[PDB]
Each structure stands twice: as C-alpha cells, then as structure tokens.
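Trainee: Protein chains in written order, with the working numbering: chain X, 1 to 208; chain P, 1001 to 1083; chain E, 2001 to 2099; chain B, 3001 to 3099.
From the three backbone atoms N, C-alpha and C, an ideal C-beta is built for every residue, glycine too.
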RNA sequence: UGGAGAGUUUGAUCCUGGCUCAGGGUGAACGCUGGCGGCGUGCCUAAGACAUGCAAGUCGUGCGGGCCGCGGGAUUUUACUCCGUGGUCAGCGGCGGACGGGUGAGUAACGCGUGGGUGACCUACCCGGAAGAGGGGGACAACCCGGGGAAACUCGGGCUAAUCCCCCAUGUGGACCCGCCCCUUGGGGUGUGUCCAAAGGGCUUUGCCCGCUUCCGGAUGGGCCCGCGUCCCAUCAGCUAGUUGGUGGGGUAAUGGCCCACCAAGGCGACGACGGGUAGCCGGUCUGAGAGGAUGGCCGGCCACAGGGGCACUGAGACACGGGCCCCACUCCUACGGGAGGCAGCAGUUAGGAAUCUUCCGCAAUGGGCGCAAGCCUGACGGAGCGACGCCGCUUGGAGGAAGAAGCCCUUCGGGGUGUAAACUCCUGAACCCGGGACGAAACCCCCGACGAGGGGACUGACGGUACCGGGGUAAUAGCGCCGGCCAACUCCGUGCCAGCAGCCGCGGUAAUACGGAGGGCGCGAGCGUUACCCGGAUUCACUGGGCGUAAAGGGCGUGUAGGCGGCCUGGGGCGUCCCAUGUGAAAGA
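See below:
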C-alpha cells in the first residue's frame, strides 16, 4: 500500500526537492542540501543524455511520488480525467488536489501527506461532521473538513495548529484555526499550485 | 393472467424493486410489459416509492392481479383511493 | 403492408403459376458501388391471364403452395421480351460452363 | 421414487378411451350418411346426418373434438351430403339443410 | 474530443518486405509470494458415467371410503345398530406437473436479427359486458372376494359417491349447409332448415361468497407466412421424384406437397444451387482514431436438446428433463421366465483435463403453484461457504532522528554507497477484548366500515449477535519482475563457445554492464511474473487506406459471352439519391 520505506531518498533521485517528511525535508537537510544527486553506487557519476522516454517517465514518477499514491490509483484518475470536459492536464491536478489525505495536508492539520493520511485512516478527521476514514474521499466545493472534536486534544493536533496560527493558506481554502475546521472553496487552477512538474509530459507518458 | 408485481434490481443487500406488469409465467427479473414504478424497501432516498398511477389504473382495468405486496404499495400511492 | 414487388414473367410453363423476376438495386454495404441483384418468385395466376414478357406487380400473400406465396396484382406493360431474352441467355451461358 | 401424480397417466388412459369412442362413432355415422346420399336416399340420409351433426357438436362440448374442428366435419358433411343428393333427384325432408 | 512508433537484410544508403517488441483484454491456467474487507465471479475438456439426499405440488369449501381413537344415541339389555368428531392412508375428481431450473449436442436454417402479413389462426387462468343453470339415467376406483408372478406388477368377480360419464329440456346466444346484403382471400349482417349448454359446494343460510354453462369483447401468451441481413472451401458445378405446379381429398386452431389419389412437366444454379467443413443466433462484450476486426461465457431475448432413434396419448397448451410406448447401447435386480433406471435441476462422486466450489442456511424477502382462507410446496430465489479468478477500498505505521553505528558492496587506500534507512525518543492505534445493536417487514389475516374506499390491530429475519455505534487497546507482512539495444536501471567476483541466457537483434573462446552470485538500481506492489488466446500497432487484404519496368505481382496474343462502364440537347416517370413528418429501435449495458 501507498509506498512504505525510504522517502527523503526520492527527495533525491528525481533531482528536485520533494517534501515527503514535512518538517525536516524543509530544514537544512532534505539531503538536497547535502547530496542533491540520485542514490546508490553510481550516484555522483556523470549523467547521460536521457531519453525522450526516461524524461516523461520521471516527470510522472515525480508528480505521483509527490502525492503519495498507487500507480494503479494514479492512472485511474488520469483516464478518469481526459474524457471529462476540459483540459485534461489541469483537471487531473485538480482531482489529485481534491483528495482528503492531501486537503488535510494542504489545510495545515498535518505536516506531511504521509502523516496527513494516518489522521484520515484513524478517523481523526471529519467531512461535514460525519467521520471519514478514506484517504481517497473526493472533497467537493463547500465541504467543511473538521478535526474530530474527539481528537482535538492530541499533542500532534495542538502543536500542528499552533504552527498555522499565523500561517496563510491556499487561495481556494478557508481556515478557522481555533475551532479546528477548514473549507474547500473551489478546485484550484494550474497556476494556483507551484508544482515542480510539467503536466504536459505526464499526458504524453500515457499516450504511446 | 398478467400481473402487477415486483422485479428485483440493485445489489446484494441492496434491494431495489421495479413495479412492473408482466405475464405471470415469466421469470421474476425477466422481460416485462411495462415499468410502472419502483420501490426501495430501505427508504434510503427521500423518494423511495413512485407509481405512474394513471397506468396502474389502466392495467387493473384490463385485468391484472397485483402481487399482495405490490398492491400494498399501489395502495400507498392511492391507486385505489377514490372520491 | 403486404410487400408489393414488380418484375417480369419469365415462365408460364406451369399451371396457374408464373415465375416472376424481380430486380433490386442498392449501395453495396462496404464498397459503395450501386450493385444490382435479383430473385425469381412463383406467383399465383388463377386465370392463366398473364404470359411471357408482361411486367406485373406482385403481392405478398396467403400461402398457396410450398413456395407460392405471392399473387399477381396488376399488369404494368406487355412486351418486354427483351428482359426475358436476357434471363434466357444467362441460363444457357451456364451450359458452356461445366466440365 | 414415486410421483403419485402418475395417476395423471391413469386418467389420460380413461379419457383416451372416451375420446376414441365418441369419435369412432362420428366417423361410422358420417360414412353411413354420405353412402345413403351417394345411393340417392332422401329421408334416412339426412336423418343420419342430423344424428352425426349432433354427435359432433356434442363431442365438441368437451376435449374430444373441441373447437371448430367440429365445424369442419360439419361443413364437410352437409357439403358432401347435399351435393351427392343433387347428383340425383328428390331433395326431401327439412332435415338439417336450408330450404 | 480523435490517430506516437521502435529493433532487425548493408562496409555504408535509399527502398521493398517479413519477423519482432512497447498497449489494451480473458470464465484462464502455471511459478514464486500471499494481510483485511465489499461487490462480482468460478467444468471453456467427455452432450462421458453417476452412489446418496433434496429439486412439483396442492385442494376435506367437489366425492365416497380403509385403518387407529375419543364422544354421544335407540334397549333397559349391551351381540346388533343411528349420529357427531379427531388423527392418518391412499383412491375418485379439479388446478398445476408445457412455468420456473439445466445444457449448446444438433442446426448455415425464416434458427436468429429486423421490418411487416394473418380476409389463414389458437389462447387455461385474469378483466368487462349480455343470458342462463329444469328433469331423469349411468359407470369406474376406493372397499370386498378370488386367481397368476420371485419381483415389478397383473387378470377376473361384486358394491358405491361426486364439480366423473350420458339422455331429455329451455337457446340469450353460437356452430353448419343454402340464399341474399355489406365488405373484399375464410371479414361483418340477415332469413327459413338442422345442431349444441350447465355443477355444484360454504356459510356470518332467503343473501351473500367460491364455482358452473353459452356468447361478444378486452388483456396476455403463442402458431403460421413474407422482404432484407446472417462463416469457410469452386481442389464441391451442375442439383431435383413429393421433385415444381395443378385439381380433389385427408389433416390441423390455421395456411401449405404438410400427407394421399390422380393430371401436367416442371422447379433450383456463378447474384454460387448441390456437396464438404465449421457453428446455436441476438441485445451486447473486447479492441480500434475510425472504418473495421474478434467475439457471443456471466445478465436479458429467441432457438434447440433432455443416454442415442422413432412415436403417439392426455390436454388451453407437449409430441412433455424429474409423463407414456418400441428399438438400440449401458448399469443394476433376477427363482434366468422376466423386471428397474436416465443430474445438460442443487449439491456431491468419478473419469477426461493445465483447470473450475459446499453432499451449507433460510423460505425472512421477491417471485411462481394449489387453496375462500389459515396454510402447504418451491436447490426459482434470498443468503452464508470455498478460490487474489476479476474490479474497488484499506493495512504492514506517523513525526523526529549522524556529516552519517555496525554488517555487507565497491575503492586510486584519502574515500564512495545501502542511508533517515536502522538503533533510539515521543504520537496515532489495523488486529484483538467488552458493551449496545439494525434497515431489510407490512402486507395476506382479524376487528371497524360494506368482504369496497378509508381507519385500526396482530404475527413473522435465514443472513445474525454480521453491518454500524460507543469504550479499551498492541508498531503490528512484502513480495515478484527486470537493469546490452528496443527500455527506466551498473559495479565486483565466479565461470572460460563450458555451465548457461535469449521476445527479436544477439550474448559466452580468462578482465562478460547479456551467463550464475553479491551489492547496488529501475518498475510494480497483495501481488509480480509466465504461457496460451483476441484486437492493436499492421495503410501487412489497403471501403476509409496498397500495389504490379528491375523489388512479389500484366494473362503468350486475340476474338468476343454474360457482367461492369457510357457523348451533347429536351421532355415524361420518380427506381437509385436527397428532405420533412411519423412508427419501430424492450430491459440491462455504454
């Protein structure tokens, strides 16, 4: 499931700083501050001209490995897009962004998507009051993503809200900090995200 | 003898019936002569019963005994309520 | 509607019966070209009223025989023993065609 | 290993007998009738035909010769009797025939 | 809203051309691996053989009895007998066993699909309307008495009831001949003549209920006919005696050579008859930009079959899977004379096979049969079981955490890597424990009202103490494939044309990024690979969309048969073609 194992190891390999540990992959070592080259024996060895394939592949691995997601699951969303009305590339990003396990992250209740996931799986989170435990739950506009008033007193929930006390958030996300609740205003637009990834290549990888 | 009755759609533990007229000898979920409503025994939608009540009255008029429980429902939507 | 067809009588060498040749044409299902095609029908003639060459209407009917299923409606035009000639040629074409 | 509704069979045999019976008499009378006509008889010819007619309609009452299978044999009898009678003289007795 | 190409013929090139790979799919199976749940799904082979159990009954409100009981009567003598009632057993009689369920063998065909015909027809039960049910007679089982057989069963004799059978009556009406009228295939109407009805049962017994009869109609379900469409071989070219038509009969509900007698000599074929091979067909499914290809499992529709072959009986309906008769093969019983049987119903067994489940629970729901009803029956069904077989969701943790432990791998001997990975600190808390706990089920039924409408009440849950809710609570599973090019991922040993690899091109002969191993890396993840098959790419059968001077490909040349194709002008017809409206295109699926 998910991924399991070494994360700020793909921080590397992709060659762009991934935030997959949240707090540390963020602070004078996501190893991109130390060894910003791919892992293993042949790491700091001379690259070769990468192939038109290799390129499209990593970009997909990049986009997917960000959101922490199954290839099988990823690819369903992609196809689920495309046929859907409008520009495939964005929409996909939209749908990826509408995943609970990520909204919860985006909305500050957790420091990583990985940790954000666990909060969902352990019912610490609610959508419109009803307790939801599916990291895949597709959040539509107007939904309110609450903290379980039952879980409010956790050292993790406290500490991770006190950080966003001042912090500003997503031009499509509201956030009441003290009553520990937030809103899904609208699907983001490609430009709303500074995703270090070219979605057009990800379209291309699934075209050949 | 043609019958107003229930045909079963939906899934396992997800019963959803279709108020249908059909020759009695056909299979339960076999072909039917006309759909004239539906019914969700679990009332999970605010609309878990519906009946084209003109048609219900038609099929009776040409003679078509309803299942005892299919007539229960026809009653509910006043197929038999007059004046 | 009982299908009403019109063809040519190409035989009356049967009692109270005429073989009628109905030709049909259409856009070939795959290749577009309009192709022609045709079928003889055994048509019921109680008064042996029609003969070789008459072009006749022909109607879908209550069965009279194994294979008599049409009765002769009206006559459209006499003569036309050219069309008859063409059928007869195709036939004896087949003669010089065996081993 | 015994479907007590194999009495269904038993009964079939009884009905078989009854049917075969009624029928076998219809026949014998019908023939006896058209024979008298073909011999140019007046009274007794119809008188038996009238009897036969009855027996047909009667048999029609149940499952023997139901319907209008009945009507057939009636139609064929009166047709065959009257014609056979008019192939000779004297059409007498009101009998079953229309004036 | 839709189209990607690559490797490989050469020392090198362009082209032709095949092979091959990347994608999607499957009722799969096989290998290594395998935690949870939901919804699906699971003999593709021998339509081989089958043990055992269940799979179609029901009605006492149609009728008369046997056997086991209880109770009450006539007598004041208890032997004999009348009545009432409870089991129970078949029998007569009715409705259902033609539905539901299974399989694809056969079938290249009006089997299917689609659109129509029926003036050529049928339809039990249900609905609506019109009109009826008056008399009499009869039998057969059950039961009783014999006889034959080992058995299965069977023959005879006697008694008896009914909604069983028959006769007479009334004829609203209907049938048939004939005549006439309308209408046009046998459609409707009318007139003499003939012919044809019925059953009773229950009570909340004079007024209702369940039934009966004849007729017109309605609804539903079917039969039959026709137009078009429906695979491969022409190394199958000629086929045909019920053959093609007629007249008359038979037969059916009904047309028809469907069948028969007799007369005529026809009918079919390159637009592919006849013959051979293969095959159930469709809605749809997979694939493709599309056109197309392939396919028809599960679900729905039609068809056909019920060990193999005929056949008919009953009946509204069958030529009937769990009805009948005969022949065949097979299995059992056998006193050798004769019998019994038919999972391609659900389970299960066995055999074949690479391979396919429980001899489970429940009629609680839906649906079907019978019943006035209560109910009885239902392996249809609704559920649980098994199998990563498929799809979907979820888990094996989360946040910290060294200029970086050890171990192992490289190393140019400084160093590099596995690697924030672990160890270790905090946090959450799959599993598991306790508590509570469903919807699915309100009808038939009773009461009120009027057995109507409406109102009121009662019973009932297989799944199941499952789902879901609340409380407690443990850091708690990872494998498989690949790393020469195509294609994403590289170093070191071992090995020395050996052992071995290999989808194609090709690797191995002492430094192998290709073999075997280790480290590392890439790709997926409760899966990953493999093999088989289908579409793709393959414009490589080219309709969209190809070609033939030398690449495969112009017939050795003519003549002209059928067939294809046709100059300029005008007019008619409107068959092709085009437009509008309308009907059809079921459901599911997309």
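(1) Determine the direct distance from the alpha carbon of residue 59 of chain X to that of residue 198 of chain X, and round the result to whole angstroms.
(2) Would you tell me roughly how many angstroms separate the C-alpha atoms of residue 170 of chain X and residue 185 of chain X, rounded to the nearest one?
(3) So within the segment 102–177 of chain X, which uninterrupted beta strand (DSSP E) runs reach at least 3 residues, ignoring any that extend past its ends?
(4) Name the residue from P:1063, P:1049 and P:1034 whose alpha carbon lies nearest to the alpha carbon of residue 1040 of chain P.
(5) Go to residue 2031 of chain E, then tell me how far its beta strand (DSSP E) extends in each direction, as first and last residue.
(6) Does the Cβ of residue 3028 of chain B have 16 or more other Cβ atoms within 10 Å, making it buried, or fewer, making it exposed?
(7) Consult DSSP for residue 68 of chain X and reduce its assignment to one of helix, strand or coil.
(8) Quick check on the DSSP output: what are the complete beta strand (DSSP E) runs of length 3 or more inside the segment 1013–1073 of chain P, in order along the chain?
(9) Using alpha carbons as the reference points, say which of B:3058, B:3094 and B:3090 lies closest to residue 3023 of chain B.
(10) Beta strand (DSSP E) containing residue 3039 of chain B: first to last residue?
(11) The alpha helix (DSSP H) spanning residue 2091 of chain E covers which residue range?
(12) So does the segment 82–101 of chain X actually touch the segment 129–145 of chain X, counting three or more Cβ pairs closer than 8 angstroms?
(13) Contact check, residue 1067 of chain P vs residue 1005 of chain P under 8 angstroms by CB: the rounded distance?
(14) Would residue 3097 of chain B and residue 3055 of chain B be called neighbours here (beta carbons separated by less than 8 angstroms)?
(15) Suppose contacts are defined by Cβ-Cβ distances below 8 angstroms. Is residue 2011 of chain E in contact with residue 2022 of chain E by that definition?
(16) Return the Cβ separation of residue 2053 of chain E and residue 2009 of chain E in integer angstroms, given the expectation that the two are a contact with Cβ distance under 8 angstroms.
(17) For residue 111 of chain X, which residues from the same chain have a beta carbon less than 7 angstroms from its beta carbon, with the 5 sequence-adjacent residues on both sides left out?
(18) Buried or exposed for residue 6 of chain X, going by 16 or more other Cβ atoms inside 10 Å?
(19) Specify the secondary structure class of residue 2004 of chain E as computed by DSSP and reduced to three states.
(20) At the level of alpha carbons, what is the spacing between residue 1075 of chain P and residue 1053 of chain P?
(21) What residues are listed by DSSP as bridge partners for residue 1004 of chain P?
(22) Let me make sure I understand the geometry here. Which of X:165, X:187 and X:172 has the alpha-carbon closest to that of residue 93 of chain X?
(23) Have a look at residue 119 of chain X and residue 190 of chain X and give me their C-alpha separation to the nearest angstrom.
(24) Taking 8 angstroms as the cut-off, does the segment 2023–2036 of chain E touch the segment 2044–2051 of chain E (at least 3 CB pairs, one atom from each stretch)?
(25) In terms of alpha-carbon separation, which member of E:2065, E:2093, E:2084 and E:2067 lies closest to residue 2007 of chain E?
(26) Output the residue ranges of the alpha helix (DSSP H) runs that lie fully inside the segment 3002–3060 of chain B and measure 4 residues or longer, sorted by chain position.
(27) Just the C-alpha distance for residue 3077 of chain B and residue 3005 of chain B, rounded to the nearest angstrom, thanks.
(28) Could you give the distance in angstroms between the alpha-carbon of residue 2051 of chain E and the alpha-carbon of residue 2002 of chain E?
(29) How would you label residue 3012 of chain B, buried or exposed, when you count the other beta carbons within 10 angstroms and need 16 or more for buried?
(30) Using a Cβ-Cβ cutoff of less than 7 angstroms, which residues in the same chain neighbour residue 1010 of chain P once the five nearest sequence positions on both sides are dropped?
(31) Which runs of the beta strand (DSSP E), 3 residues or longer, sit entirely within the segment 3055–3099 of chain B?
(32) Enumerate in chain order the residues of its own chain whose CB-to-CB distance from residue 1078 of chain P is below 8 angstroms, with the five nearest sequence positions on each side excluded.
(33) Measure the C-alpha to C-alpha separation of residue 3140 of chain B and residue 3071 of chain B and round it to an integer number of angstroms.
(34) Taking the alpha-carbon positions, what's the residue 54 of chain X to residue 156 of chain X distance?
(35) Per DSSP, what are the beta-bridge partners of residue 2040 of chain E in this structure?
(36) According to DSSP, simplified to helix, strand and coil, what is residue 2011 of chain E?
Mentor: Walking through what the data contain:
(1) 7 angstroms
(2) 10 angstroms
(3) 125–127, 144–147 and 173–176, all fully within the segment 102–177 of chain X.
(4) Out of P:1063, P:1049 and P:1034, P:1049 has the C-alpha closest to the C-alpha of residue 1040 of chain P.
(5) Neither: residue 2031 of chain E is in no beta strand (DSSP E) and is coded neither H nor E.
(6) exposed
(7) coil
(8) 1014–1023, 1034–1039 and 1049–1051
(9) B:3058
(10) Counting along the chain, residue 3039 of chain B falls outside any beta strand (DSSP E), and DSSP gives it neither H nor E.
(11) 2081–2093
(12) yes
(13) 4 angstroms
(14) no
(15) no
(16) 7 angstroms
(17) 22, 23 and 160
(18) exposed
(19) Strand, per DSSP.
(20) 10 angstroms
(21) P:1021
(22) X:187
(23) 27 angstroms
(24) Short answer: they don't touch.
(25) Comparing C-alpha distances from residue 2007 of chain E to each of E:2065, E:2093, E:2084 and E:2067 shows the shortest one belongs to E:2084.
(26) 3007–3038 and 3043–3060
(27) 41 angstroms
(28) 24 angstroms
(29) exposed
(30) 1016
(31) none
(32) Excluding sequence neighbours, residue 1078 of chain P sits near 1053.
(33) The requested residue 3140 of chain B is not part of the displayed model; chain B covers only 3001 to 3099.
(34) 40 angstroms
(35) E:2021
(36) Strand.
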